[PDB]
Structure formats: C-alpha cells, structure tokens
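Have a look at the structure below, then the notes.
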Amino acid sequence: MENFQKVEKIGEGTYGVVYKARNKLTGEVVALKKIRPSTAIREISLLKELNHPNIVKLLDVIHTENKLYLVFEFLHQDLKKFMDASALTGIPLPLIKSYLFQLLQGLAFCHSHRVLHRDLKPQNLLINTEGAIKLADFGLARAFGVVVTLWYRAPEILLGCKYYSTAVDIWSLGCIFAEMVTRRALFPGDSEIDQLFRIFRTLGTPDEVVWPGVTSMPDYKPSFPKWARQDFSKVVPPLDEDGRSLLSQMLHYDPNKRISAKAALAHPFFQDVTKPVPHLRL
Ligand SMILES: NCc1ccc(CNc2ccc([N+](=O)[O-])cc2C(N)=O)cc1
C-alpha cells in the first residue's frame, strides 16, 4: 500500500495487523487491516453496504497483489481502554445506558439485515468524543472464521452448536453491560471448559427445563457438575431492577428465549436514556 502512510500500529487484530493510516490523496485518516477465497471477497464486499451510525464503516475492500486489506472508518479509542481508564470511579450509569442503547441499535440494524457479529468484546466497540459508540468487525467472522478471548462467548457456541443465531450477539453484549457496571469481567474463563463452568456457576447448570434441547448439544456431557443458580442481585450489584431485568433477558440460556436487540430497545431500563459526553483523554 503505497497509497497510505502508516501513522501508527494500533493492534494485532484477529485476522492481521492493523495500522492507523492516512490516505495520501484524500488526507482521510483510516484504520487499515492487513488480512492474513472469492467467497470471502464477495461476502466482505456486501458489508460495504451495511452502513449505520453505530457500525464502524467499511470504506474499502482492496484485493490487489493477491493480498487483502480492509479500510475502516477510524475512531480514537476502544471500550476496553475506556473501561480501564474509568476503573477507579466507574463509567457513570447515564453513559453506560447510552452506550448500551446505541450498541443495541447497531445490533438491531445488522440483525435485521441478517448479519451477525459473533465475536463482540470491549476491544471492538469503538468510541469518540461526541458520545457515540460503534461496533467494529461485523460480519467478518462469517466471511472467514476457522490468545482468543472466550469471555463473551454464548453458551450454545461453547456447547458446540454449529449454527449461530443473532442471540449470540445479545449474550456477548449482556456480558459487556455487566462488566461496565461492576468494573470486572462477568465470566473471565481461560479455557473453553473454564468459560462454560464459570457461566454455570453463576447462572446455574442448564437443564431441559430452562433450555429445551441442551442435553443433546454436541459438546454437552451428562457429567457436567450441577451448580445452583445464583441470586441475580449478587451478580451485578448495585445495578437497579430495571437493569437487572434487562440483563437477565440478555443472558437467558435458551437462544430462542434470549431478548432481541429490537425488543431490548423497548425495555423500561431505557425510559430515561440520554446521550452524555464522555471524558476522553486522547
Ligand atoms: N492510541 C492508539 C489507538 C488508536 C485507535 C484505537 C481505536 N480504534 C481501532 C482499534 C483497533 C482496530 N482494529 O482493526 O484492530 C481498528 C480501530 C479503528 N477502526 O479506528 C485505539 C488505540
């Protein structure tokens, strides 16, 4: 890429190295990802049309010299860094609420267009000085696929389900909502089984009553220990009942009972939502 001046290396993405770069001709500042399949090309190309204010814009898909580069809209900070920076005092509830509401709008939009993220985490939620938050890397997982953080993975994925549904994104977002509130990851597993068991220890080992079909999942074992569900008021204190109610619906075990993004937007928790200005030190 002789058409971009590398300004800085902003990460080691899931697919490749990412650079903050400036377009020599336009002056535009972008995030350039070097990806390490014509099916992938056509699919990625479709994402260029998936435009929404809460979705990081995919500006270009460059396939030259038999290499693949994705050019994305640039934002100055991610939520993981913001949460660390706000760890001492915590992100104020009004801003947590604004961010959750905006992320749900982004999910509702993508899901309505049959596009899933599949790997939502604080690191791919980007923020700016105007109080906006945007989802990055939507659709890349399906376009490709095959240390990885497991903290936000839905249980159906951990249990080996081969077909993901929009519900996996709602689960991840619920885990992020909980982390913004408590200032600690909800389920910081360090292996697939530790991740699964951490979920079970908090929400109870699932059974056929709460999750019809769970015992027939590919990686389900009757030998799983049976833990009782913890009182929800102990999981994300001191979040209010509107917040706990919404979170509980985002963390239902059965993907089909899990609340949709569209339905979550209507939850009473958002009755007083506003759009505060975060304090960003760049
Ligand atoms: N102080 C460096 C710095 C610059 C920008 C960001 C947030 N922004 C991103 C992070 C990762 C990535 N990434 O593709 O891995 C992209 C962006 C993007 N689109 O702007 C975080 C840190």
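Each reported figure results from applying straightforward, stated rules to the coordinates on display, with no laboratory input. Cβ: placed from backbone, ideal geometry, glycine included. Neighbour counts: every protein chain shown.
In this structure, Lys234 and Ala132 have a Cβ-Cβ separation that, at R0 = 41 Å, corresponds to a calculated FRET efficiency of about 0.80.
Placing dummy labels 7 Å off each Cα toward the beta-carbon, the span from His76 to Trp227 is 4.0 nm.
You can think of it this way: the chain between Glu241 and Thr274 has 10.0 nm of extra reach, that is 0.36 nm per residue less the Cα-Cα gap.
Here the simple spin-label model places points 7 Å from the Cα toward Cβ, and for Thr215 and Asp254 these points are separated by 1.6 nm. Under the simplified labelling scheme, the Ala263-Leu25 pair shows an inter-label distance of 4.8 nm, with each label point 7 Å from Cα along Cα→Cβ. Under the rule of at least 5 residues apart or a separate chain, name every residue whose amide H is placed under 5 Å from the amide H of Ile55. HN-HN under 5 Å from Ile55: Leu135. Helix content alone sets the calculated 222 nm mean residue ellipticity of the chain: runs of n ≥ 4 DSSP H residues at -39500 (n - 2.57) each, divided across all residues, give -9500 deg cm²/dmol. Sequentially through segment 41-52, phi angles give Karplus couplings (6.51, -1.76, 1.60; θ = phi - 60°) of 4, 5, 5, 4, 3, 5, 5, 5, 8, 7, 9, 7 Hz, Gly and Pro residues having no value and appearing as x. Across segment 220-227, computed HN-Hα scalar couplings (Karplus, 6.51 cos²θ - 1.76 cosθ + 1.60, θ = phi - 60°) run 6, 10, x, 6, 4, x, 9, 9 Hz from first to last residue, x flagging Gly and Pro.
Considering only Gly145, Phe82, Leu93, the residue lying farthest towards the positive end of the dipole of segment 23-175 is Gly145, judged by Cα position with unit charges set on Cβ.
With the charge dipole of the chain set up from +1 on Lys and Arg Cβ and -1 on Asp and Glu Cβ about the Cα centre, the Cα lying farthest toward the positive end among the listed residues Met1, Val29, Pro122 is that of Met1.
Separation of the alpha carbons by more than 21 angstrom is noted, of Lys80/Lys162; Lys48/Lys162; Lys6/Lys34; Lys9/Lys97; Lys34/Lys81; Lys48/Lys81, for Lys80/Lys162; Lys48/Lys162; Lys9/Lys97; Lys34/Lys81; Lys48/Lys81. Amide H contacts of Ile10 (H built 1.01 Å from N, in plane; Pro and chain starts excluded): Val18, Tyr19, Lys20 sit under 5 Å, all sequence-distant by 5 or more or on other chains.
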